[PDB]
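Student: Sequence lines, in order, name chains A and B. According to full-length UniProt numbering, the first sequence is numbered sequentially starting from 94. According to full-length UniProt numbering, the second sequence is numbered sequentially starting from 397. All C-beta atoms in this analysis are idealised placements derived from N, C-alpha and C, irrespective of residue type, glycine included. One structure coming up, written as C-alpha cells, with questions to follow.
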Amino acid sequence: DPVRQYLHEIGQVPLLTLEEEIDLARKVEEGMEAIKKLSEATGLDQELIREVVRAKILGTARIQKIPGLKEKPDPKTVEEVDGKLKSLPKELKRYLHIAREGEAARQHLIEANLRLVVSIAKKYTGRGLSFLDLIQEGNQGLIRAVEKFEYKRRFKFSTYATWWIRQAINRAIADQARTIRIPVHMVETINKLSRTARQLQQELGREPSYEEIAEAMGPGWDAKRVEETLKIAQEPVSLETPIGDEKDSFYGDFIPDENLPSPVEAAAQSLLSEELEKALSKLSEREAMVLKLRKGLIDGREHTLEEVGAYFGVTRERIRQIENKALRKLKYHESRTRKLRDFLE
Amino acid sequence: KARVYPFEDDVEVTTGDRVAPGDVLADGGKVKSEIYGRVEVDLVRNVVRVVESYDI
DNA sequence: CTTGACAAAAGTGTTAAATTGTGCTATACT
C-alpha cells in the first residue's frame, strides 16, 4: 500500500531539535565551503567535485549509470575526477571528508524535515494530485530550501522550508492538473478571478456578470477578457463519460470521423478527377498541359505564370491570355453538356 | 558495534569504503584493519574506525 | 503570340508588444 507506505517510512526516522538542526546546517555549509576550497586544488568547478561526492555517497553505480543514454559515466568523465584529487597532502585530503560528511548531513536534515513536508502538502490536495504526488514535489521544494537555508540567521528551518514547499507545490499545480498545458500566470489570474467571483457571490446574494466581476478585477478587464480565458481554463472531457441515464452509452462512441474522407467522397472526388480529364482533352496541346500547371494538377505544386512562360518558350503575357481563353472555351462545353455542372457545393 | 583504529598521517580510505581483515587503513601502511565492514573515517577523533558489516 | 508599364499580392527584415518560464519569500508551522 503506497498511502501508508511513505508515512511509515518517514515515521521511522525521528525529527530534529535545535541542537541537531543547527549542527546539521553547519555541517552542510562546511562541506559546501570545503568544496569551494578544493575547487582551487585541482582547478575543478565547485559544482563538479560536488556531484563527484555523490559517486560514492548516495549510490555507487546508480547515480550516473542511467540518466539517459548519455551523462557523466563512471569510467570516463567521473573516474579521472575521483582519482585526481586523490593524491594531495593533509591540508587538502581533509576537505574531502568535510565534503563527505557535509553532503551526507544535507540529505539527513532533509529526511528529518520530511515529516513536515508531508504534513504540508495535506492542505494543498484537490489539485489533481492525490497526496503522494503533492508530497513528492514538496520534497523537491524541501531540497531547494535546504541548500538555500542559512543557520547563521538564527531562523528555524521549519519556517524557511514551508515557504519553499508551498512554492514547489503551487507550481506543480499548473504543470500537472489541466490536461491542456496552461502557463503559470494564466492559472494565477484564473485563481484571482475565480476568487473574486466566489467572493462577491455571497456579497450580492447571487452570481455576478462578466461586466461586474471583471469590474472588481482591474483595468482592461471587460466581459471579454474574463469570458475568453474562462474557456481556456476549462479542461477537456473524458470520453468515458456516460451519456444519457442508461448503462450502455459512452461519450467517445458518440463522435464522428471526418478525418478520413467518406466513401461517398472517395467516389465524389475520383469522379471529378476524371470528368475534368475528359472535358480537358478538347483543349489545344498547349492550353491544356499549361492549364494544368497553373492549378497544381501536374507536379502537384502550382507553377506561376513566370515559370510556365519559361517552359513553353513564350512570355509572361502570352500564357496569361492562353489561360483566359482556354478556360472560357471550356465554359462553353460545360454550359452545353451539363456533365460537370454540379459540384457547385 | 565496531573497532577503533587511531591514525597519525592522513588516511588511504574515504568515509564508507569496504574493507577486509588485513587491509591498509591509514598512516601510509601502519594501521591495518582486522575486520570486514564499512570504514567510517573521522577527522576530529583521528580514527579510521571500522564498523562490523558485510556489503550485501 | 508579344513589349513596356505597373497595381496588387507577396517577401525579407527590424522592432515593438505580448507571452511564457523561473526563482524567492526566513517567527514558527513536522
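Check whether the Cβ atoms of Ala127 (chain A) and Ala192 (chain A) sit closer than 7 Å, and answer yes or no.
Tutor: yes
Student: Quick check on DSSP: helix, strand or coil for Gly402 (chain A)?
Tutor: helix
Student: Can you list the residues of chain B that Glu194 (chain A) reaches, using a CB-CB cut of under 8 Å?
Tutor: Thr411
Student: Is there a Cβ from chain A that is less than 7 Å from the Cβ of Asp406 (chain B)?
Tutor: yes
Student: How big is the Cα-Cα spacing for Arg299 (chain A) and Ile306 (chain A)?
Tutor: Spanning the two alpha carbons is a distance of roughly 12 Å.
Student: Quick one: what does DSSP say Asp167 (chain A) is sitting in, helix, strand or coil?
Tutor: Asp167 (chain A) falls in the helix class under three-state DSSP.
Student: Below 7 Å between beta carbons: does that hold for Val407 (chain B) and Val437 (chain B)?
Tutor: Yes. Within cutoff.
Student: Does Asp116 (chain A) come out as helix, strand or coil in the three-state DSSP assignment?
Tutor: helix
Student: With DSSP as the reference, identify every bridge partner of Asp438 (chain B), one or two as the case may be.
Tutor: Beta-bridge pairing links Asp438 (chain B) to B:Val443.
Student: If we define contact as Cβ-Cβ less than 7 Å, is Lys130 (chain A) a contact residue for chain B?
Tutor: Under the Cβ criterion of 7 Å, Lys130 (chain A) is not counted among the residues facing chain B.
Student: For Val96 (chain A), which three-state DSSP category applies?
Tutor: Under the three-state reduction of DSSP output, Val96 (chain A) falls in the helix class.
Student: Are the C-beta atoms of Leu439 (chain B) and some chain A residue less than 7 Å apart?
Tutor: With a threshold of 7 Å between beta carbons, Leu439 (chain B) makes contact with chain A.
Student: Drop a sphere of 10 angstroms on the beta-carbon of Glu230 (chain A), count the other beta-carbons inside from all chains shown, and report buried for 16 or more, exposed for fewer.
Tutor: buried
Student: From the DSSP secondary-structure annotation, give me the bridge partner or partners of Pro349 (chain A).
Tutor: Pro349 (chain A) pairs with nothing; no bridge assigned.
Student: Straight-line CA distance for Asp392 (chain A) to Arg429 (chain A)?
Tutor: 30 Å
Student: Excluding the 5 residues flanking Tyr401 (chain B) on each side, which residues of the same chain have their C-beta closer than 7 Å to its C-beta?
Tutor: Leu421, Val427, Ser429, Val443, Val444, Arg445, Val446
Student: From what residue to what residue does the alpha helix (DSSP H) around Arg318 (chain A) run?
Tutor: Taken as a continuous stretch (DSSP letters only), the alpha helix (DSSP H) holding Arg318 (chain A) covers 316-326.
Student: My understanding is that residue 36 (chain A) touches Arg199 (chain A), with C-beta atoms under 8 Å, so please give their C-beta distance in whole angstroms.
Tutor: Only positions 94 to 438 of chain A appear in the structure, and residue 36 (chain A) is not among them; the question remains open.
Student: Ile142 (chain A) to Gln157 (chain A), Cα distance in whole Å?
Tutor: Their Cα atoms are separated by approximately 14 Å.
Student: How would you label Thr255 (chain A), buried or exposed, when you count the other beta carbons within 10 angstroms and need 16 or more for buried?
Tutor: buried
Student: Short of 7 Å Cβ to Cβ, which residues in the stretch 171-188 of chain A face chain B?
Tutor: Residues passing the 7 Å Cβ filter: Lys183, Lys186, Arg187.
Student: Nearest by alpha-carbon distance to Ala372 (chain A): which of A:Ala290, A:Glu399, A:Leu420, A:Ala309 is it?
Tutor: A:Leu420
Student: Take every Cβ of the stretch 138-153 of chain A, pair it with every Cβ of the stretch 280-296 of chain A, and state whether three or more of those distances are shorter than 8 Å.
Tutor: no
Student: Using the DSSP secondary-structure output, state which residues sit across from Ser429 (chain B) in a beta bridge.
Tutor: B:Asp419
Student: Is it buried or exposed, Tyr217 (chain A), if we count other Cβ atoms within 10 angstroms and call 16 or more buried?
Tutor: buried
Student: Could you check whether the stretch 204-221 of chain A touches the stretch 100-110 of chain A, counting it as contact only if at least three pairs of C-beta atoms, one from each stretch, sit closer than 8 Å?
Tutor: Using a Cβ-Cβ distance cut-off of 8 Å, the stretch 204-221 of chain A and the stretch 100-110 of chain A are in contact, since at least three pairs of beta carbons, one from each stretch, lie closer than that value.
Student: Please state if the CB of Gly234 (chain A) and the CB of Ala261 (chain A) are separated by a distance shorter than 7 Å.
Tutor: Taking 7 Å as the Cβ cut-off, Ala261 (chain A) and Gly234 (chain A) qualify as a contacting pair.
Student: Classify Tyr244 (chain A) as buried or exposed, calling it buried when 16 or more other Cβ atoms lie within 10 Å of its own Cβ.
Tutor: buried
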